[PDB]
Amino acid sequence: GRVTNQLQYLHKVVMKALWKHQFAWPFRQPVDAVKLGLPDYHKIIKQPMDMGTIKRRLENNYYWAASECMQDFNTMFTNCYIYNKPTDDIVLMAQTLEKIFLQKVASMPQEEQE
Amino acid sequence: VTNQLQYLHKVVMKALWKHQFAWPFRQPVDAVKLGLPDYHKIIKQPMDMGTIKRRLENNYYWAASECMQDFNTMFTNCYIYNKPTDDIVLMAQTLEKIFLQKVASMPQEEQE
Ligand SMILES: Cc1ccc(-c2c(C)noc2C)cc1S(=O)(=O)NC1CCCC1
Ligand SMILES: Cc1ccc(-c2c(C)noc2C)cc1S(=O)(=O)NC1CCCC1
């Protein structure tokens, strides 16, 4: 990967806002399926993702393009909607964080420049 | 009309609308037709491409982020309502990836 204007933005503007949010705590580290008593979690969710993984990937220059990092955010929220029951609080927490994500993504620099 | 909404109409909706996986999303979920009596009990804001397109055509949106949320609600409903193993979820995941890909290249400063 590399460093771009868009990836800096996703790191310093989007991720920072999401990270500090009051609903963000369950999303800051990987789902610990053992520590939460969810033996079926990895049977259902084949691609785990979390903001700590995404953050570390931004810090180590893992992404080549902004959309790659955006895909990871989407996977994180998608896993949550897919695995949990519609009425679970975590679902509402993901939706709120996801809306902030889309709002902030709308204001990202238009041309990806290294 | 803003620059961003025209991008969402001409680039994003254009790509998504004509996709081979788009057909289940082109019109509102018809719960009677699809035999899903609990659909509207679980899903409280139904959303679909036909609605989003109609809205883009009739200048309903005041901001790009408002259209983006609709697209997002449409996909989120799908993941929340359906079983993880259903094909519709796969189809939604594929469309949403294109959405995000295109959205990453949208004009940045929403000017009227
Ligand atoms: C502690 C925790 C962390 C992550 C998850 C989680 C995420 C995120 N996505 O799926 C699951 C399951 C669930 C949990 S939890 O143990 O289910 N607790 C939830 C109650 C309401 C908010 C948190
Ligand atoms: C025909 C149809 C249309 C819409 C849905 C749908 C959407 C969109 N979101 O939730 C449901 C349920 C489901 C169906 S369906 O009847 O479940 N058939 C699907 C199987 C794979 C492709 C079509």
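Order of appearance sets the numbers: ligands from 1, and atoms from 1 within every ligand. Order of the sequence lines sets the chain letters (A, B, ...), proteins ahead of strands, with each chain counted from 1.
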[atom] [closest protein heavy-atom partner, distance rounded to 0.1 Å]:
atom	value
atom 22 (C) of ligand 1	A:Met93 SD, 3.5 Å
atom 3 (C) of ligand 1	A:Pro26 CB, 3.5 Å
atom 21 (C) of ligand 1	A:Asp89 CB, 4.0 Å
atom 15 (S) of ligand 1	A:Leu36 CD2, 4.3 Å

Reported [atom1]-to-[atom2] distance for the pair [X] and [Y], which is rounded to 0.5 angstrom:
X	Y	atom1	atom2	value
A:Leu18	A:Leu97	CG	CG	6.0 Å
B:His19	B:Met91	NE2	CE	9.0 Å
A:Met15	A:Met51	CE	CE	6.0 Å

- Reference residue A:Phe101; test ring-ring contact (aromatic ring centres under 6.0 Å, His included); the match among A:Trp19, A:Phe23, A:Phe73: A:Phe73
- A:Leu38: numbered ligand 1 atoms lying under 4.0 Å from its heavy atoms: 12 (C)
- Atom indices of ligand 1 within 4.0 angstrom of A:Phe27 heavy atoms, with elements: 8 (C)
- Message: Tell me the nearest of B:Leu90, B:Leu95, B:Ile88 to atom 6 (C) of ligand 2, using heavy-atom distances.
- Response: B:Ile88
- Output yes when the distance from some N or O of ligand 2 to some N or O of B:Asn82 is under 3.5 Å, and no in every other case. yes
- Between B:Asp48 and ligand 2, find which residue part has any heavy-atom pair under 4.0 Å and reply side chain, backbone, both or neither. neither
- Determine, for A:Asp72 against A:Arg57, whether the closest basic-nitrogen to carboxylate-oxygen distance falls under 4.0 angstrom. yes
- Item | Common cluster, B:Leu34/B:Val32, ILVMFWY with side-chain heavy-atom separation under 4.5 Å | no
- In the single-linkage hydrophobic clustering (I, L, V, M, F, W, Y; side-chain heavy atoms under 4.5 Å), do A:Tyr41 and A:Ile44 co-cluster? yes
- 4.0 Å heavy-atom contact, B:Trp23 with ligand 2: yes
- Item | Per-atom contact, atom 10 (O) of ligand 2, protein heavy atoms, under 4.0 angstrom | yes
- Message: Protein non-hydrogen atoms only, distance under 4.0 Å: does atom 18 (N) of ligand 1 have such a neighbour?
- Response: no
- Verify side chain to side chain donor-acceptor pair (under 3.5 Å) between A:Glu112 and A:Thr4, making sure each step is shown before the conclusion. CA-CA 6 Å; A:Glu112 183 143 34; A:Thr4 79; 2.8 Å; yes
